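Next come structure tokens for two forms of one protein chain, structure 1 first, structure 2 second.
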Structure 1
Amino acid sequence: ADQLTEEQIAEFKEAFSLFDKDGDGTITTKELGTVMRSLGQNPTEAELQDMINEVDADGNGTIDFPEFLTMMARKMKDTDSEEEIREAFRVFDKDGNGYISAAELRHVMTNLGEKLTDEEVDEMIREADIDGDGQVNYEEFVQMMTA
């Protein structure tokens, strides 16, 4: 499957829910801005609206799941994925040492709306640590952020 699967749709819904923090079924400029700040970007008002406008098929000013899914499923050009992942690493690696610690991971995840347990943080670190050196580096993060 290059094709859209039920599993993929369910994963995209889980991602949608991370944006739609009030659970009302639509992502507002306020909700999009909050997630972007958690990931280290402070978008302007017009950037948020201009971005929403490009995918806002029904013209209501906010993004519903159908619109989000269409965006995520699309066969695309210039997705900015590699560069966005590179940039996102910076909020994880807050001390700039090139590695994401357990504490660092826990901090970003809390900002994204989690309350992860110690076991989950430790498991997330261990899973990413494919070279087995005890730590999580940039290339390891990249593999997790395309899993």
Structure 2
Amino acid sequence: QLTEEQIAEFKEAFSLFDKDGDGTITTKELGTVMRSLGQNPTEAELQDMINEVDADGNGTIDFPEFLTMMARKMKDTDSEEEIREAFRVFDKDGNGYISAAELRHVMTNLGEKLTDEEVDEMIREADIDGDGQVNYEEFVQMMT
């Protein structure tokens, strides 16, 4: 029931984790991504995160397993807690706005190179008051 747009988005996201393109996400790959976002997960945290998404016990995530995880996340309502934590991932300087520079930084660090025009468009998907940045209320509205 996923559309070609959605599948394309999920494949692009998968590619940011599966840097070697071997078709699976490993604990090492997940660790690299999370450290690029400014987190410092422990080895146990990474193992649990991979293993809770894995469906067949081989200790890695393939694209069908990732799709199952994403399709569920998209249907689900998001918690206040997880939205607040995610906002801080982008709002590096803690000023209560996600700027175009901060969003581009996060995308670059994940391995997705965007043009300024592409970053600005992603910001437009959330900005409401027209200042070209995303405050917390705008971020919450986007996620709800």
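Along the sequence of structure 1, residues get numbers from 1 upward. Only residues modelled in both forms are compared. We call the rigid core whatever largest set of C-alpha positions still superposes within 1.5 Å between the two forms.
Taking 2 Å as the criterion, residue 27 does not count as shifted between the two structures: its C-alpha moves by less than this amount when the rigid core is aligned. After superposition on the rigid core, displacement of the C-alpha of residue 59 between the two structures stays below 2 Å.
For residue 113, a C-alpha deviation of 2 angstroms or more is recorded between the two structures after rigid-core alignment.
The two forms line up on their rigid core, and residue 44 then has its Cα shifted by 0.4 Å between the two structures. Shown is the Cα shift of residue 126 between the two structures after rigid core superposition, which amounts to 9.2 Å. In the rigid-core superposition between the two structures, residue position residue 140 carries a C-alpha shift of 7.3 Å.
Here is what shifts between the two structures when you lay the two on the core: just one run of at least 3 residues, every Cα off by 2 Å or more, at 75 to 146.
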